[PDB]
Amino acid sequence: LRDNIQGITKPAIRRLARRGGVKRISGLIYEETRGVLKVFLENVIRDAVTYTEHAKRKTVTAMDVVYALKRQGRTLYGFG
Amino acid sequence: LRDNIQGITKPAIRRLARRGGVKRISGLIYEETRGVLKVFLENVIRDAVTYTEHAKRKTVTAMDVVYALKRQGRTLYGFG
Amino acid sequence: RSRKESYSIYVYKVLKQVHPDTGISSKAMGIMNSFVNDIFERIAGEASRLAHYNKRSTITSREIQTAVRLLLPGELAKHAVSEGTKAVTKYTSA
Amino acid sequence: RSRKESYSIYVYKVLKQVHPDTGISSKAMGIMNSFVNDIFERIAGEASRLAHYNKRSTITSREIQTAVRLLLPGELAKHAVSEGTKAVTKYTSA
Amino acid sequence: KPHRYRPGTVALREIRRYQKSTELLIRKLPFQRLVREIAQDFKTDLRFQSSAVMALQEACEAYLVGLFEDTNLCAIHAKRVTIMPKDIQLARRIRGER
Amino acid sequence: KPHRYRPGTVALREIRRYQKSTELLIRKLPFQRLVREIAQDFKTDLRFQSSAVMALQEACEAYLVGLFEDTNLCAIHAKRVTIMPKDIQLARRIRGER
Amino acid sequence: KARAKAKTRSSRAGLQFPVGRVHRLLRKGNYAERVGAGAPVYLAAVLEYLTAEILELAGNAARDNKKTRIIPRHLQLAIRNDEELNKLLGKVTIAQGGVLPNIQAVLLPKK
Amino acid sequence: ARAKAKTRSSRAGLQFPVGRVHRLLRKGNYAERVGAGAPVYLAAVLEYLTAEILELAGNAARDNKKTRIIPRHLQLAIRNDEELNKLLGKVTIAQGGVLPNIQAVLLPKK
DNA sequence: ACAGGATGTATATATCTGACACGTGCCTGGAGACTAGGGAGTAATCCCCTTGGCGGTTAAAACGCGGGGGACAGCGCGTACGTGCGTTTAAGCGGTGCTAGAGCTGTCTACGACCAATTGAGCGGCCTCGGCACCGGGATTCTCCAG
DNA sequence: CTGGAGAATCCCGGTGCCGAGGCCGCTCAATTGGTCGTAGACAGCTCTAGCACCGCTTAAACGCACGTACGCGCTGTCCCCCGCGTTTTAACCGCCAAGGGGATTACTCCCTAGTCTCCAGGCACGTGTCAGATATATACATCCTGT
């Protein structure tokens, strides 16, 4: 897989901003948002894959994701 | 023991802002800083007093303050 | 096979106690389950730290009470302390 | 009198093996002791959670390794993993 | 003469729409591909539960919405109604994410 | 005519002075009285170790210095050099105090 | 051999949350080498009270949404509308919960 | 006749106490069992982190023309090293001060 | 853009001075040795459930365009804040004394672990009906241009 | 300051469908009951240090006066983003199929708890002595007014 960060499209980022109560959006916001989302996703996935490797597993479970999230202070309800 | 928040003087808040790299300070900054300092101190002291009361002591120790800070994600090094 | 475990029946009992004619979905039930597990872990960890600080090898109702009034804010902590105290006093009698 | 515990002599040994002609103040030594205690507590708690997640009752060197690479960032994590693996190998070798 | 809402009113209408709603605002398949790409950067030939990718998407959307709330606060603080990358950078710097 | 420095220059020199040093910038006795007054409502006849008051002062000064750094960033964001209460409010709101 | 009829500890405490299950979890969680008899009772009471608060507020959020079933959106609305509950769960994200509807005053039309 | 005692720190080539770390692991109730290699691994990690921060702090002390590490030097060492700063970004060093930095917009105009 | 005048700040030496680092004596807590038992590693199996592909529908994304409204640069002004000085105030230092309470220390008792038998609470599975999602049609409200 | 067209939104009424909730069987985990060991509560003694007070010095706070530069309001201009229509595209849904590996069970072995004895590593204490503040004097380093 490659260049899949472009799958996070401009209208999707606009919708996320609208949920954040953003009225007007600069043109440079979308690339910045893709970068910050990539950084956040990299951190969470790195911790989750570390949890997966500790269990000698080859499948990343939802438990790994929620443990990774609550490790970053982003504790998530609804998946265990 | 009343109105001891005014003991946090305008020059003291000015020095604190100078250490924070603040070149120019508005005149209404000092009361706001006293308010935020009061809130922060109330939180930390409340936690420290809770720790002290659980130990059945009546002197707030340095360890109680350190634990109170560490509970709030503001761990302090240099007191145990 | 296996056998899982959750607070689903207890959360449902409390819901029927506080809202008799209100249901709850599986996603909301899972969120309540995660909430109960999270608060349990927070209170138990703070009580464990209290017992370790005070060089105690047992977690008592005092440790749980202090952990509750540390983690929970304000009126939430006050009412939680009242509920825990009344439950302990009711349990001791019976 | 009493009997207290600290990492002061170990921090001093490490300082002498990393900076022979350099001292350390009492406040700096206390800060280093607090740092060692805090990192110990962080790593041990993360390893405890790792053991509890996988339904394990023992904390081994692999739990500590996973906790270290979960807690330390970047080059610190890999260097610490290298140091720990080297120490474990040359400890089991003797 | 075609009808045209003035600039901003449709923006406010979709602000209300996406704050009232609760569904995921990112397409599922592109996000899953992004997640798998990052994971393959970390570990080769990994596998993901559907709930794992769903939890990742819920967390990422919550993080981005909160970040955009802080960014909007930063933009309004500068007497602006348009969010700019400087607002995002300031919000992340104050949050400590930098 | 007496020599005078232009506004902001001695301010910069004491920025450098107070970022070069490490001592506590709040007077010890007023802060200790404030700590005892705040603690008196939680519990009466309460006592404090000297190290406890020192730790409280160190933590409070570190917190206020960090808050003033974030406040300075907020003021610069609004194209100003004077920090204002709105800047402290924005910094605390983004940090999570509000 | 005249064993008395078993009474669950939750019933003795007058609770709905399981005192025995909480006691086992406290023992197995490596929190301390010993767990008092009143510790699971107190912890179960606190958990039940917090669950009751959240469920009451979420049922209220379902009432004015004219829904007879609690969904994640109702839990999110209840938690973020209550200042104390929001403070308790400030770092927690609720899946399929959404956000509170709020628009800044400067973004509204100026008239 | 017992053999000559050898500390597990010496057996692992470490300065930090493997025995004390093992006892603290078994007494902090992190798990009901603690492996043999876990304390030596943890002691190695702690000793490495101590070595890193002390190396940087001693360099700061040398740059400050002082032969004794004080809290200021530890603060400079932690905050200048971005990984060490990330590890200790939520901790405050007592008597450590702050990094000397002024925003460029505040500098004199001309 | 350059003198020079002035104030501030790194250098450069004496000079005590506490704090540091090192030496000692204990003593308690690691280390050597050995035993038992259960946790976990490994192997086998099985069956979710994850991945991959295909095809149709269409919702959403991408693109283009017109324009308006918001970002931003520039200007003016007036007031708030920085700077400096003389005055006041209370912090800080250094004593002194005293006593409240932290910190062991020994007894013992009540409380929690542990073991065995028992049973009923709770979980897995099945089933069904009604709450809510969907769809279609007014009713209503808000927007925006044109007056 | 409204009128009216237009578009979005809300209220309502009728299918329908799938998942929330109730029922049932089983089983394993909570109960009960009884015992035993030790954790801590509890009284008591000690002696540390926290509190309170006093006086003197002087650093710091404070109040005032002045001027300046910065915040903020206003204006223009301009171009960037928003609203909208059209075309494209790939997301989504449904279905199928295969096999990877999660996950459950059985066996055994080896690794860790627990003990007992023993000794030496580390801690409390004491003590020289030397980085290191701390006063000088000095040599620039900038700041700012003036030309």
Side-chain angles (χ1 to χ4, degrees), chain A residues 9-12 24-27 57-59 61, chain B residues 9-12 24-27 57-59 61, chain C residues 1-6 9 12 23-26 56-58, chain D residues 1-6 9 12 23-26 56-58, chain E residues 1-11 13 27-30 47-50 80-82, chain F residues 1-11 13 27-30 47-50 80-82, chain G residues 3-4 6-9 18 20-21 23-24 27 33-37 67-69, chain H residues 2-3 5-8 17 19-20 22-23 26 33-36 66-68 108:
Chain A
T9 57
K10 170 171 121 66
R24 210 160 173 272
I25 301 172
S26 169
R57 271 189 283 97
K58 311 159 99 174
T59 296
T61 73
Chain B
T9 59
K10 162 183 172 183
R24 209 160 179 273
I25 306 175
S26 179
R57 286 184 273 94
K58 36 201 72 65
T59 84
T61 64
Chain C
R1 285 190 43 82
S2 176
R3 171 164 292 188
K4 252 56 67 182
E5 204 181 49
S6 64
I9 54 167
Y12 198 77
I24 184 173
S25 55
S26 63
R56 297 277 188 264
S57 73
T58 176
Chain D
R1 46 176 71 172
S2 177
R3 265 272 285 96
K4 221 61 61 183
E5 216 81 3
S6 65
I9 69 167
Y12 198 79
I24 181 169
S25 81
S26 176
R56 255 55 194 275
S57 56
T58 172
Chain E
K1 174 62 68 61
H3 182 84
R4 285 191 63 93
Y5 292 109
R6 295 160 55 95
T9 65
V10 177
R13 282 206 279 97
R27 303 272 69 86
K28 272 72 173 299
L29 283 180
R47 278 172 166 253
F48 280 89
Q49 300 184 350
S50 62
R80 280 185 287 103
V81 305
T82 304
Chain F
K1 62 276 164 190
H3 165 267
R4 306 192 91 269
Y5 285 114
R6 301 225 245 94
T9 59
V10 352
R13 92 156 51 102
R27 303 268 64 85
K28 267 70 171 304
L29 261 303
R47 288 196 162 197
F48 283 86
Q49 292 182 349
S50 65
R80 291 181 284 99
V81 305
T82 306
Chain G
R3 175 181 292 186
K7 278 177 49 58
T8 206
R9 284 191 272 173
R21 159 108 50 94
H23 189 69
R24 177 190 57 84
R27 291 198 325 258
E33 48 271 55
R34 295 157 62 88
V35 176
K67 258 68 186 306
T68 82
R69 182 169 302 157
Chain H
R2 292 230 302 263
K6 292 123 62 60
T7 61
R8 294 187 284 170
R20 179 180 299 186
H22 193 189
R23 182 252 303 171
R26 298 193 326 268
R33 304 168 72 85
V34 179
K66 304 210 171 309
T67 72
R68 211 134 72 190

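Below, chains carry the letters A, B, ... as their sequence lines are ordered, and counting in each starts from 1.
- The pentose of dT115(J) is categorized as north (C3'-endo side) on the basis of a positive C1'-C2'-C3'-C4' torsion.
- Residues that satisfy the side chain to side chain donor-acceptor pair (under 3.5 Å) test with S6(C), not counting sequence neighbours, are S8(C).
- Distance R3(G) CZ to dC115(I) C1': 12 Å, rounded to the nearest Å.
- Applying the side chain to side chain contact (heavy atoms under 4.5 Å, CB included) test to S57(D) and every residue at least two apart in sequence or in another chain returns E32(H), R33(H).
- Residues satisfying the side chain to side chain contact (heavy atoms under 4.5 Å, CB included) criterion with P7(E), sequence neighbours excluded, are absent altogether.
- Residue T58(D) places no side-chain N or O under 4.0 Å from the OP1 or OP2 atom of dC111(J).
- Evaluation of the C1'-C2'-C3'-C4' torsion of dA113(I) gives a negative value and hence a south sugar.
- Nucleotide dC72(J) holds its P atom 15 Å from the CZ atom of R80(E), rounded to whole Å.
- Partners of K7(G) under the side chain to side chain contact (heavy atoms under 4.5 Å, CB included) rule, at least two apart in sequence or in another chain, are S11(G), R12(G).
- Atom P of nucleotide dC123(I) and atom CZ of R24(G) are separated by 10 Å, given to the nearest angstrom.
- Side-chain nitrogen and oxygen atoms of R27(E) include none within less than 4.0 Å of the OP1 or OP2 phosphate oxygen of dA90(J).
- The 5' end of DNA chain J is approached more closely, in terms of each residue's nearest nucleotide, by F48(F) than by the other of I25(A) and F48(F).
- Five base pairs at each end of the helix from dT11(I)-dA137(J) to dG147(I)-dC1(J) define two local axes, and these are offset by 140° (rounded to 10°).
- In this model, the phosphate group of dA60(I) is not approached by any side-chain N or O of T9(A) to a distance below 4.0 Å at OP1 or OP2.
- Under 4.0 angstrom from either OP1 or OP2 of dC49(I) there lies no side-chain N or O belonging to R47(E).
- Remark: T61(B) engages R57(B), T59(B), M63(B), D64(B), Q49(F) in a side chain to side chain contact (heavy atoms under 4.5 Å, CB included) (not counting sequence neighbours).
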Would you give a per-nucleotide map of nucleotides 114-130 of chain J, 5' to 3', where B means the base has a protein non-hydrogen atom under 4.0 Å away, S means only the sugar-phosphate does, and - means neither?
---BB-S-SSSS-----
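- A negative value of the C1'-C2'-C3'-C4' torsion places the sugar of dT89(J) in the southern pucker family.
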Go through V34(H) and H22(H) one step at a time and tell me if the side chain to side chain contact (heavy atoms under 4.5 Å, CB included) criterion holds.
CA-CA 8 Å; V34(H) 179; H22(H) 193 189; 3.6 Å; yes
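- Put simply, NZ on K28(E) is 16 Å from P on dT51(I), counting in whole angstrom units.
- The side chain of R57(A) lies closest to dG102(J), out of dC62(J), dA113(I), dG102(J).
- For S25(D), the side-chain atoms get nearest to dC20(I) when compared with the rest of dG83(J), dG101(I), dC20(I).
- In this structure, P30(E) reaches the sugar-phosphate backbone alone: every heavy-atom distance under 4.0 Å involves primed, P, OP1 or OP2 atoms, never a base.
- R24(B) has its CZ atom 17 Å from the P atom of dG67(J), to the nearest Å.
- For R24(B), there are no salt bridge (charged side-chain N to carboxylate O under 4.0 Å, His left out) partners, not counting sequence neighbours.
- Positionally, the nearest nucleotide of DNA chain I for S50(E) lies more toward the 5' end than for the other of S50(E) and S26(B).
- For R23(H), the side chain to side chain donor-acceptor pair (under 3.5 Å) partners are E5(D), not counting sequence neighbours.
- Sugar pucker at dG22(J): south, on the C2'-endo side, as the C1'-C2'-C3'-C4' dihedral is below zero.
- In this structure, CZ in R13(E) is found 5.0 Å from OH in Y5(E), a value given to the nearest 0.5 Å.
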Atom pairs under 3.5 Å: protein N/O with N/O of nucleotides 128-131 of chain I:
from: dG131(I); atom 1: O3'; to: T68(G); atom 2: OG1; distance (Å): 3.2

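- For the atom pair CZ of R21(G) and OG1 of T8(G), the computed distance is 10.5 Å after rounding to the nearest 0.5 Å.
- Residues passing the salt bridge (charged side-chain N to carboxylate O under 4.0 Å, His left out) test with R80(F), sequence neighbours excluded: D87(F).
- Between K58(B) and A11(F), the residue anchored nearer the 5' end of DNA chain I, judged by the nucleotide with its closest heavy atom, is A11(F).
- Under 4.0 angstrom from either OP1 or OP2 of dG19(J) there lies no side-chain N or O belonging to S26(C).
- The phosphate of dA31(I) (OP1 or OP2) has a side-chain N or O of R8(H) nearer than 4.0 angstrom.
- Taking atom CG on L29(F) and atom P on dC51(J), their separation rounds to 12 Å, with Å as the unit.
- Within 4.0 Å (heavy atoms only), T61(A) reaches no atom of the nucleic acid at all.
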Across nucleotides 140-147 of chain J, 5' to 3', mark each nucleotide with B, S or - according to how protein heavy atoms within less than 4.0 Å reach it.
---SS---
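- Atom NZ of residue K10(A) and atom CD1 of residue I25(A) lie 7.5 Å apart, to the nearest 0.5 angstrom.
- The separation between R33(H) atom CZ and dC111(J) atom P is 11 Å, rounded to whole Å.
- The heavy-atom pair separating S2(C) from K4(C) by the smallest distance is OG-NZ, 3.3 Å.
- Protein atom NE2 of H23(G) is 13 Å distant from nucleotide atom P of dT32(J), rounded to whole Å.
- Between the side chain of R27(G) and the base of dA113(I), no donor-acceptor pair of N or O atoms lies under 3.5 Å.
- Across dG32(I), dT112(J), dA30(J), the shortest atom-to-atom separation from the side chain of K6(H) is found for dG32(I).
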